[PDB]
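So the structure is just underneath, and the comments pick up after that.
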Protein chains: 2
Amino acid sequence: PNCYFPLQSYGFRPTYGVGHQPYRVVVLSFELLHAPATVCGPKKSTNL
Amino acid sequence: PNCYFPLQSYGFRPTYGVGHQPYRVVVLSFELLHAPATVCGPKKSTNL
């Protein structure tokens with residue numbers, strides 16, 4: 001008491017309610033500004 | 001595998017959490033534009 005270990009555990013078992021199941025979350029962050037883009041969609045490159 | 005039915009079930013039993021219970025949802029769509037009014041509120045017709 002008064003001395004708490006800062007981080008608590010996400011204990012996960014195959015039996016929880018929807019509010020407690022281990023949701024696998026990933027985030028994708030892009031930088032859509034003016035600079036050579038190394039990442040692009042699968043669109044084909046037509047002629048010029 | 002790799003051959004999935006597009007559609008699955010709302011398996012409903014009397015005992016789930018509130019997050020899974022069979023809620024009955026009905027939505028009402030209105031078109032509030034200048035056109036002959038066919039559906040109106042219960043307001044009475046007063047004299048002219």
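Just so we're on the same page: first chain in the structure tokens is A, next is B, and so on; residues restart at 1 for each chain, and ligands are numbered from 1 in the order they show up.
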Test item: chain A residues at most 9 Å from chain B, counting only C-alpha atoms, as a PyMOL selection string | chain A and resi 17-19
Give me a file of those residues, with C-alpha atoms, as a PDB file, in the first residue's frame.
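Saved file result_0.pdb follows:
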```pdb
ATOM      1  CA  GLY A  17     -17.033 -11.761 -22.253  1.00  0.00           C
ATOM      2  CA  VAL A  18     -16.815  -9.664 -25.398  1.00  0.00           C
ATOM      3  CA  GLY A  19     -15.640  -6.707 -23.329  1.00  0.00           C
TER       4      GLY A  19
END
```
Coordinates of chain A after Cα superposition on chain B, as a CSV table (one decimal) with N, CA, C and O atoms, in the first residue's frame:
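Written output follows (out_36.csv):
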```csv
chain,number,residue,atom,x,y,z
A,1,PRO,N,-12.0,-24.6,-45.9
A,1,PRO,CA,-11.0,-23.5,-45.9
A,1,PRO,C,-10.8,-23.0,-47.3
A,1,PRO,O,-10.9,-23.6,-48.3
A,2,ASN,N,-10.6,-21.6,-47.3
A,2,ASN,CA,-10.5,-20.9,-48.6
A,2,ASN,C,-11.8,-20.8,-49.3
A,2,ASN,O,-11.9,-20.0,-50.3
A,3,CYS,N,-12.8,-21.5,-48.8
A,3,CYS,CA,-14.2,-21.5,-49.4
A,3,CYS,C,-15.1,-21.3,-48.2
A,3,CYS,O,-15.5,-22.3,-47.5
A,4,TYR,N,-15.6,-20.1,-48.0
A,4,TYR,CA,-16.4,-19.7,-46.9
A,4,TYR,C,-17.8,-19.4,-47.3
A,4,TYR,O,-18.0,-18.6,-48.2
A,5,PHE,N,-18.8,-19.9,-46.5
A,5,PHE,CA,-20.1,-19.6,-46.7
A,5,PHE,C,-20.3,-18.2,-46.1
A,5,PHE,O,-20.1,-17.9,-44.9
A,6,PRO,N,-20.8,-17.2,-47.0
A,6,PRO,CA,-20.6,-15.8,-46.6
A,6,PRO,C,-21.2,-15.3,-45.3
A,6,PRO,O,-20.6,-14.4,-44.6
A,7,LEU,N,-22.3,-15.8,-44.9
A,7,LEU,CA,-23.1,-15.2,-43.9
A,7,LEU,C,-23.2,-16.2,-42.7
A,7,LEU,O,-23.5,-17.4,-42.8
A,8,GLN,N,-23.0,-15.7,-41.5
A,8,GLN,CA,-22.8,-16.4,-40.2
A,8,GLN,C,-24.1,-16.2,-39.4
A,8,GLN,O,-24.9,-15.3,-39.7
A,9,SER,N,-24.3,-17.0,-38.3
A,9,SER,CA,-25.6,-17.1,-37.7
A,9,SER,C,-25.6,-16.3,-36.4
A,9,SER,O,-24.7,-16.3,-35.6
A,10,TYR,N,-26.7,-15.6,-36.2
A,10,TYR,CA,-27.0,-14.9,-34.9
A,10,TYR,C,-27.7,-15.8,-33.9
A,10,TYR,O,-28.9,-15.6,-33.5
A,11,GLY,N,-27.1,-16.9,-33.5
A,11,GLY,CA,-27.6,-17.9,-32.6
A,11,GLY,C,-28.0,-17.2,-31.3
A,11,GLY,O,-27.1,-16.5,-30.7
A,12,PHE,N,-29.2,-17.4,-30.9
A,12,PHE,CA,-29.8,-16.6,-29.7
A,12,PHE,C,-30.4,-17.6,-28.7
A,12,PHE,O,-31.3,-18.4,-29.1
A,13,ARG,N,-30.0,-17.5,-27.5
A,13,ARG,CA,-30.4,-18.3,-26.4
A,13,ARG,C,-30.8,-17.3,-25.2
A,13,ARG,O,-30.3,-16.2,-25.2
A,14,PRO,N,-31.6,-17.8,-24.2
A,14,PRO,CA,-32.0,-16.8,-23.2
A,14,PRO,C,-30.8,-16.5,-22.2
A,14,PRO,O,-31.1,-15.8,-21.2
A,15,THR,N,-29.6,-16.9,-22.5
A,15,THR,CA,-28.5,-16.7,-21.6
A,15,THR,C,-27.3,-16.1,-22.3
A,15,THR,O,-26.4,-16.8,-22.8
A,16,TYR,N,-27.2,-14.8,-22.4
A,16,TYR,CA,-26.1,-14.0,-23.0
A,16,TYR,C,-25.8,-12.8,-22.1
A,16,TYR,O,-26.7,-12.3,-21.4
A,17,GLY,N,-24.6,-12.3,-22.2
A,17,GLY,CA,-24.3,-11.0,-21.7
A,17,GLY,C,-25.0,-9.9,-22.4
A,17,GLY,O,-25.5,-10.0,-23.5
A,18,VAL,N,-24.9,-8.7,-21.9
A,18,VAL,CA,-25.6,-7.5,-22.5
A,18,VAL,C,-25.1,-7.3,-23.9
A,18,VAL,O,-25.9,-6.9,-24.8
A,19,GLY,N,-23.8,-7.5,-24.1
A,19,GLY,CA,-23.3,-7.3,-25.4
A,19,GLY,C,-23.8,-8.3,-26.4
A,19,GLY,O,-23.4,-8.2,-27.6
A,20,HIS,N,-24.5,-9.3,-26.0
A,20,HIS,CA,-24.9,-10.4,-26.9
A,20,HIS,C,-26.4,-10.7,-26.9
A,20,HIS,O,-26.9,-11.6,-27.6
A,21,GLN,N,-27.2,-9.9,-26.1
A,21,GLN,CA,-28.6,-10.2,-26.1
A,21,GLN,C,-29.3,-9.8,-27.4
A,21,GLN,O,-28.8,-8.9,-28.1
A,22,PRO,N,-30.4,-10.4,-27.8
A,22,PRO,CA,-31.0,-10.1,-29.2
A,22,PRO,C,-31.8,-8.8,-29.2
A,22,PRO,O,-33.0,-8.7,-28.9
A,23,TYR,N,-31.0,-7.7,-29.4
A,23,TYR,CA,-31.6,-6.4,-29.5
A,23,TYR,C,-32.5,-6.2,-30.7
A,23,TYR,O,-32.1,-6.5,-31.8
A,24,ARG,N,-33.7,-5.8,-30.4
A,24,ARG,CA,-34.7,-5.6,-31.5
A,24,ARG,C,-34.6,-4.2,-32.0
A,24,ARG,O,-35.1,-3.2,-31.3
A,25,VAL,N,-34.1,-4.0,-33.2
A,25,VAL,CA,-33.8,-2.7,-33.7
A,25,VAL,C,-34.7,-2.4,-34.9
A,25,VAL,O,-34.8,-3.3,-35.8
A,26,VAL,N,-35.3,-1.2,-35.0
A,26,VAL,CA,-36.0,-0.8,-36.1
A,26,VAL,C,-35.6,0.7,-36.4
A,26,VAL,O,-35.2,1.4,-35.5
A,27,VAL,N,-35.6,1.1,-37.7
A,27,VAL,CA,-35.2,2.4,-38.0
A,27,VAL,C,-36.3,3.1,-38.7
A,27,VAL,O,-37.1,2.4,-39.4
A,28,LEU,N,-36.5,4.4,-38.5
A,28,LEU,CA,-37.5,5.2,-39.2
A,28,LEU,C,-36.9,6.2,-40.0
A,28,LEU,O,-36.1,7.0,-39.5
A,29,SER,N,-37.1,6.2,-41.3
A,29,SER,CA,-36.6,7.1,-42.3
A,29,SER,C,-37.7,8.0,-42.8
A,29,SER,O,-38.7,7.5,-43.4
A,30,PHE,N,-37.5,9.3,-42.7
A,30,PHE,CA,-38.5,10.3,-43.2
A,30,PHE,C,-37.8,11.0,-44.4
A,30,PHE,O,-36.6,11.0,-44.6
A,31,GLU,N,-38.7,11.7,-45.2
A,31,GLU,CA,-38.3,12.5,-46.3
A,31,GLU,C,-38.9,13.9,-46.1
A,31,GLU,O,-40.1,14.1,-46.5
A,32,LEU,N,-38.2,14.8,-45.4
A,32,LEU,CA,-38.8,16.1,-45.0
A,32,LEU,C,-38.4,17.1,-46.1
A,32,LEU,O,-37.7,18.1,-45.8
A,33,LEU,N,-39.0,17.0,-47.2
A,33,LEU,CA,-38.8,17.9,-48.3
A,33,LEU,C,-40.2,18.5,-48.8
A,33,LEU,O,-41.2,18.2,-48.2
A,34,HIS,N,-40.2,19.2,-49.9
A,34,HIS,CA,-41.4,19.9,-50.4
A,34,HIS,C,-42.2,19.0,-51.3
A,34,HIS,O,-41.8,18.8,-52.5
A,35,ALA,N,-43.3,18.5,-50.8
A,35,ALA,CA,-44.2,17.6,-51.6
A,35,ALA,C,-45.4,17.2,-50.7
A,35,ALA,O,-45.2,17.1,-49.4
A,36,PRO,N,-46.6,17.0,-51.2
A,36,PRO,CA,-47.8,16.8,-50.4
A,36,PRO,C,-47.4,15.7,-49.3
A,36,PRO,O,-47.0,14.6,-49.7
A,37,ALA,N,-47.5,16.0,-48.0
A,37,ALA,CA,-47.2,15.0,-47.0
A,37,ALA,C,-48.4,14.2,-46.6
A,37,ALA,O,-49.4,14.7,-46.2
A,38,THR,N,-48.3,12.8,-46.8
A,38,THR,CA,-49.4,11.9,-46.5
A,38,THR,C,-49.3,11.5,-45.0
A,38,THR,O,-50.3,10.9,-44.5
A,39,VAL,N,-48.1,11.8,-44.4
A,39,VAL,CA,-48.0,11.4,-43.0
A,39,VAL,C,-47.7,12.7,-42.2
A,39,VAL,O,-46.9,13.5,-42.5
A,40,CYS,N,-48.5,12.8,-41.1
A,40,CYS,CA,-48.4,14.0,-40.2
A,40,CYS,C,-48.7,13.6,-38.8
A,40,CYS,O,-49.2,12.5,-38.5
A,41,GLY,N,-48.4,14.5,-37.9
A,41,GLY,CA,-48.5,14.3,-36.5
A,41,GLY,C,-50.0,14.3,-36.1
A,41,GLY,O,-50.9,14.7,-36.8
A,42,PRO,N,-50.2,14.0,-34.8
A,42,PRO,CA,-51.6,13.9,-34.3
A,42,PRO,C,-52.2,15.3,-34.0
A,42,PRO,O,-53.3,15.3,-33.3
A,43,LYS,N,-51.6,16.3,-34.4
A,43,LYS,CA,-52.0,17.7,-34.0
A,43,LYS,C,-53.4,17.9,-34.6
A,43,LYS,O,-53.7,17.6,-35.8
A,44,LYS,N,-54.3,18.5,-33.8
A,44,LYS,CA,-55.6,18.8,-34.3
A,44,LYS,C,-55.6,20.0,-35.3
A,44,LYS,O,-54.8,20.9,-35.2
A,45,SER,N,-56.6,19.9,-36.2
A,45,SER,CA,-56.7,20.9,-37.3
A,45,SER,C,-57.7,22.0,-36.8
A,45,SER,O,-58.9,21.8,-36.7
A,46,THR,N,-57.1,23.2,-36.4
A,46,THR,CA,-58.0,24.3,-36.0
A,46,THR,C,-58.7,24.9,-37.2
A,46,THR,O,-58.6,24.4,-38.3
A,47,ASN,N,-59.6,25.9,-36.9
A,47,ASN,CA,-60.3,26.5,-37.9
A,47,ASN,C,-59.4,27.4,-38.8
A,47,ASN,O,-58.2,27.5,-38.5
A,48,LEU,N,-59.9,28.0,-39.8
A,48,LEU,CA,-59.1,28.9,-40.7
A,48,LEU,C,-59.6,30.3,-40.6
A,48,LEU,O,-60.8,30.5,-40.6
```
